[PDB]
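This report refers to the structure that appears directly beneath it.
Chains as they are written, first to last, in the deposited numbering: chain A, 2 to 251; chain A', 2 to 251. A prime marks a further copy of an entry chain.
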């Protein structure tokens with residue numbers, strides 16, 4: 002008797018790529034993993050601010066000029082009238098509001114999980130960004146394309162085509178090497194999940210970076226094939242754990 | 002009836018500064034916190050390789066030339082004949098070998114703790130290094146001084162006196178800002194320990210960086226006073242939790 006949660010995500014111009022975002026995938030992973038009923042409302046980049054304002058979703062940050070900056074994912078929960086932005090806030094909301102669903106925040110782990118993503122962001126998200134950003138622009142619909150190109154380039158001071166070198170693959174490998182040695186501190190048979198034998202939001206956050214690569218580059222691309230080869234296939238084994246949680250409603 | 006564990010540490014030319022090292026303090030904190038009986042064997046920098054070889058302590062890493070590099074802390078446990086190097090390995094050894102002592106590795110936390118120190122090292126250890134490295138050289142005894150200067154400078158390609166600028170305090174503040182926001186994910190009243198209401202090795206690792214600053218710079222220095230002021234005194238409150246675990250046997 003629960004009404005579907007409305008989940009706001011950014012579409013693409015090809016069905017296989019409809020769900021592509023690294024941050025929106027954090028929320029889709031949580032929704033899927035927790036087994037909550039939802040529907041995706043697909044929102045183009047330049048329409049994000051408008052939709053947020055229209056539903057009372059807060060902005061998640063300020064621009065360099067101090068002006069409000071609105072981002073997805075956002076969810077609207079008809080069952081409680083909650084409207085929540087930012088994937089971390091959304092995860093904790095769902096944990097708290099649907100306590101019967103599978104837990105992603107075991108006690109005493111919230112700082113550790115937060116710190117983990119602070120390590121992953123610069124060392125894994127940033128290299129993957131450089132690797133895929135041109136192909137991201139390519140998979141977006143036209144109104145989204147102009148907004149995306151204009152924003153990212155203004156920030157990067159560089160044409161999108163001029164980003165994405167071999168230095169990025171080196172940096173990615175090094176960041177993953179540190180995550181690999183962290184996982185290994187759990188000991189053999191426990192070294193594919195941060196807590197060894199259960200999934201946390203932090204694991205899904207890492208997976209979100211990986212699936213962003215796979216969807217942007219293409220599951221059959223040389224780039225994805227190269228990723229699956231890193232560290233004797235460890236991240237292939239990592240991602241295989243989350244295959245059942247990748248449903249997209251298109 | 003337990004015999005004291007022998008703990009190898011690097012001395013200084015002033016009693017207040019005898020225990021100064023960021024890594025050796027990780028082991029001293031663990032020994033103190035766990036309430037284990039120990040004695041410090043004080044070993045000068047150039048004598049570390051010799052002492053290690055003499056007691057069967059392994060090297061913890063290789064130099065750029067691939068040659069073995071021996072470091073302290075090391076412990077020798079007469080009760081089991083164990084000789085263990087590297088502060089992480091030493092902590093886990095003590096956890097495992099003395100299970101009745103206060104726990105520092107709760108289940109499911111080993112990867113999270115490892116990842117946390119990977120975040121702290123570049124963002125907190127490295128800025129503090131730049132800040133104190135000249136005063137570190139200053140507090141060492143003469144044979145240690147030459148070794149320390151020669152090694153660090155060969156690595157830094159810069160005289161020790163030319164290191165330590167305002168950029169370092171900015172970088173330190175930014176690294177601590179990220180750790181601060183991680184701790185705050187635990188919620189109010191739980192935001193001074195990574196797990197909120199218990200101490201882990203990861204907390205002691207952060208404390209080791211802080212006490213290194215305090216001992217190197219001096220508890221009364223402007224630099225230590227400045228550290229205690231950062232973030233409305235949060236790190237002062239953090240360090241106050243570990244005051245009872247700072248016994249030094251000099």
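Don't be surprised by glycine CBs; every beta carbon is placed ideally from N, CA and C.
For this session: Could you give the DSSP three-state label for residue 164 of chain A': helix, strand or coil?
Result: coil
For this session: For my contact list, residue 235 of chain A' and residue 181 of chain A' are in at a C-beta cut-off of 8 Å; report their separation, rounded to the angstrom.
Result: 6 Å
Exercise. Skipping 5 residues on each side, what residues in its chain have a beta carbon closer than 6 Å to that of residue 107 of chain A'?
Worked result: none
For this session: Can you tell me the Cβ-Cβ gap for residue 27 of chain A and residue 92 of chain A, rounded? I've got them flagged as a contact below 8 Å.
Result: 7 Å
Exercise. Roughly how many whole angstroms lie between the Cα atoms of residue 135 of chain A and residue 173 of chain A?
Worked result: 17 Å
Exercise. Going along chain A, which residues have a C-beta under 7 Å from residue 210 of chain A'?
Worked result: Under the 7 Å cutoff, chain A gives no residues; its nearest Cβ is about 15 Å from residue 210 of chain A'.
Problem set entry | residue 132 of chain A' - DSSP class collapsed to helix/strand/coil | helix
Exercise. Closest Cβ-Cβ distance between residue 22 of chain A and chain A': below 8 Å?
Worked result: no
For this session: State buried or exposed for residue 22 of chain A', treating a residue as buried only when at least 16 other CB atoms are found within 10 Å of its CB.
Result: buried
For this session: Would you mind working out which of A:198, A:228, A:156 and A:58 sits nearest residue 65 of chain A, comparing C-alpha positions?
Result: A:156
For this session: Would you tell me roughly how many angstroms separate the C-alpha atoms of residue 198 of chain A' and residue 158 of chain A', rounded to the nearest one?
Result: 44 Å
For this session: Taking C-beta pairs closer than 8 Å, name the residues in chain A' that residue 171 of chain A reaches, listed in chain order.
Result: Within chain A', no residue comes near residue 171 of chain A; the closest Cβ sits about 17 Å away, beyond 8 Å.
Exercise. Mind pulling the chain A' residues with CB within less than 7 Å of residue 196 of chain A?
Worked result: 109
Problem set entry | Ranges of the alpha helix (DSSP H) found wholly within the region 175 to 226 of chain A', counting only runs of at least 4 | 202 to 218
Problem set entry | Member of A':232, A':96 and A':103 whose CA lies at the smallest distance from the CA of residue 171 of chain A' | A':232
Exercise. Relative to chain A, which residues along the region 145 to 177 of chain A' have a C-beta separation below 8 Å, given in chain order?
Worked result: none
Exercise. Is residue 26 of chain A helix, strand or coil by DSSP?
Worked result: helix
Problem set entry | Spatially closest choice to residue 211 of chain A from A:40, A:57, A:165 and A:122, by CA coordinates | A:122
Exercise. Does the Cβ of residue 125 of chain A have 16 or more other Cβ atoms within 10 Å, making it buried, or fewer, making it exposed?
Worked result: buried
For this session: Compute every distance between the C-beta of residue 101 of chain A and the non-hydrogen atoms of the ligand ADP, then say whether any falls below 7 Å.
Result: Here there are no bound small molecules, and the ligand ADP is not part of this structure.
Problem set entry | 4-residue-minimum alpha helix (DSSP H) runs that sit fully inside the region 2 to 59 of chain A, ordered along the chain | 25 to 35 and 49 to 56
Exercise. Under a CB-based cut-off of 8 Å, is residue 179 of chain A' close to chain A?
Worked result: yes
Exercise. In the DSSP assignment, what residue or residues form a beta bridge with residue 237 of chain A?
Worked result: Partner(s): none; residue 237 of chain A has no beta bridge.
For this session: At 8 Å on the CB atoms, spell out the chain A contacts of residue 34 of chain A', in chain order.
Result: Within chain A, no residue comes near residue 34 of chain A'; the closest Cβ sits about 18 Å away, beyond 8 Å.
For this session: Starting from residue 86 of chain A', follow the beta strand (DSSP E) in both directions and report where the run begins and ends.
Result: 83 to 86
Exercise. Near residue 81 of chain A', which residues of its chain fall below 7 Å by C-beta distance, leaving aside the five closest residues on each side in sequence?
Worked result: 98
For this session: Determine, using beta-carbon pairs with one atom in the region 66 to 78 of chain A' and one in the region 5 to 19 of chain A', whether at least three such pairs fall under 8 Å.
Result: yes
Problem set entry | residue 14 of chain A burial status per 10 Å Cβ neighbour count (16 or more: buried) | exposed
Exercise. Based on Cα-Cα distance, which residue from A':3, A':16 and A':32 lies nearest to residue 209 of chain A'?
Worked result: A':32
Exercise. Whose C-beta lies closer than 7 Å to the C-beta of residue 146 of chain A among residues of the same chain, with five residues either side of it excluded?
Worked result: 138
For this session: Give a yes or no on whether the minimum CB-CB distance between residue 2 of chain A' and chain A is below 8 Å.
Result: no
Problem set entry | Span of the alpha helix (DSSP H) around residue 1 of chain A | No answer is possible for residue 1 of chain A: the residues shown for chain A start at 2 and end at 251.
Problem set entry | DSSP-derived helix/strand/coil call for residue 62 of chain A' | strand
For this session: Name the residue from A':214, A':16 and A':44 whose alpha carbon lies nearest to the alpha carbon of residue 165 of chain A'.
Result: A':214
Exercise. Which residue's Cα is closest to the Cα of residue 89 of chain A: A:56, A:153, A:30 and A:40?
Worked result: A:30
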